[PDB]
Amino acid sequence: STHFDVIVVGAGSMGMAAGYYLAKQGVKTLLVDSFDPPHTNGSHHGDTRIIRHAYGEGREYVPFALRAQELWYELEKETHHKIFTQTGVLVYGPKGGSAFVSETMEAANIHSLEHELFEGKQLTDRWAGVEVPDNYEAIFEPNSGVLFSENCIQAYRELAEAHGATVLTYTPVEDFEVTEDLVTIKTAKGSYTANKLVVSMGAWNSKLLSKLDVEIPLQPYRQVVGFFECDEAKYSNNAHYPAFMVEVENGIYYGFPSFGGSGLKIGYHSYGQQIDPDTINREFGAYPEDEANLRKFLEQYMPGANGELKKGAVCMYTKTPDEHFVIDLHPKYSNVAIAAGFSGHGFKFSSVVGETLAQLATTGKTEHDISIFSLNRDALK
C-alpha cells in the first residue's frame, strides 16, 4: 500500500522528530526526504547545536525550551547515541550596549533560571581562554548546553523505523495535491497518499510552500562555521570551557568548546549570503568572509583558539521578517501542519516542535503555546 496515516515531507530536524513522536504512538507514518538524513545539504549538520533557556526573544519560547529539554533527556535514555552535554552557555556583550545580553539577563530573572553574572576580568578568572574588555558584562547559564544534532536526527530515525515508520530517501517531493480527506504527494518515482501531512522542508520551504498555496516571507541564508585547532587545556569540554553566544562590535557570534579534539567551533550569526538552496555553494572558503569573520573574533576574544582551520561547514538559516518560527495548520486544510522559518535558532526546539507537529497532525490542536508562531500574523502579511 502507498497509503499512510501521516506523510512527513522533509525528514530533518523538525520532520524526523515529528516522525518519531507519531510512530511511537502507533501512527502509520511515511517520512520522505530529498537526501539521507542526517546529511550535509540542509540546516542540521556541523555536529553541534546550543540549547539555552534564558530566551529574551519572547516569553513563549521559555516553556517551549523547557519542554524541549525534558524531551532531549528522554531521548538520551532511549538511544545509544550521545544527545546532550551540559557545557553551560555563556552570553556576553558591552554594558549598556547589547539588547541581546540585556534581554537574556531579564529573561533569567523573570523565569527564575539558575545563572551567574560576571563583569570584565571576572570572565577570564573563571575561563582563561576568554578575554573581554573591562566594560563587558556576562551571564552564564550552567544548566544549558550542547546537542549533537546529527545524532539527534539519527536516533529519532532509528527509533521511528523500529516503531514502524517508513523512510524514503533520495526522493524529493515535486508537488502536493491536498483535500481535507486525502493528501497526495508527487515524486519522480511515484505518488503516495495519507490522511494528514506535515511539511518541514527547511530552506526549501521558501521554494515549495507555494505548491500548497501558502505565500509567506522566507529567506534562506548561507551560514558557515569553522573548527579551529586550540589549546585543549583552555578550550576543551574536559576543561569546562562553555558554549557561547555573544554580542560584540560587529554583531553576534556563537561557538562551542572542543570535543574529542574537534577544535573550537565558531560561527558568525549576523551576516550570511542570501541564497537559493538548490544553487548554494557548500564549500567553506568559497567566499573570503567565511574564514575572515571568524578569525577577527578569535584573535580579539579567544586568542588561544585562533589556530589552524581544521575544517569548515556550510549550513542554511531560513529567516522570517520577525525571526519567529512558523508552526501552524494550513488555513484551508486542517489536516496539513507546517513548520518553517526557524531563523537560525530552531534546533534546540526540534524535539518539542516534533511533539507539537504530531499533536497537530493527530488532533488538530496542541497543548503548547504556539500563538506567536501563527501563519496569520501581521509580520508575514
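Numbers follow the displayed sequence, beginning with 1.
According to the PDB record, 269-277 carries the higher mean C-alpha B-factor of the two stretches 142-150 and 269-277. Across the two stretches, 114-122 and 197-205, the PDB entry reports the greater mean Cα temperature factor for 114-122.
Comparing the C-alpha B-factors of 323, 355, 57, 70 in the entry, the top value falls on 57.
Note on the listed residues 254, 259, 235, 100: the highest Cα temperature factor in the record is that of 100. Remark: residue 186 belongs to the highest third of its chain, ranked by C-alpha B-factor as recorded.
The PDB entry assigns residue 29 a C-alpha temperature factor belonging to the middle third of its chain's modelled residues. The entry lists a Cα temperature factor for residue 225 that places it in the lowest third of the chain's modelled residues.
Looking at the C-alpha B-factors along this chain, the one for residue 348 belongs to the lowest third. Residue 13: CA B factor in the lowest third of modelled residues in this chain (values from the PDB entry).
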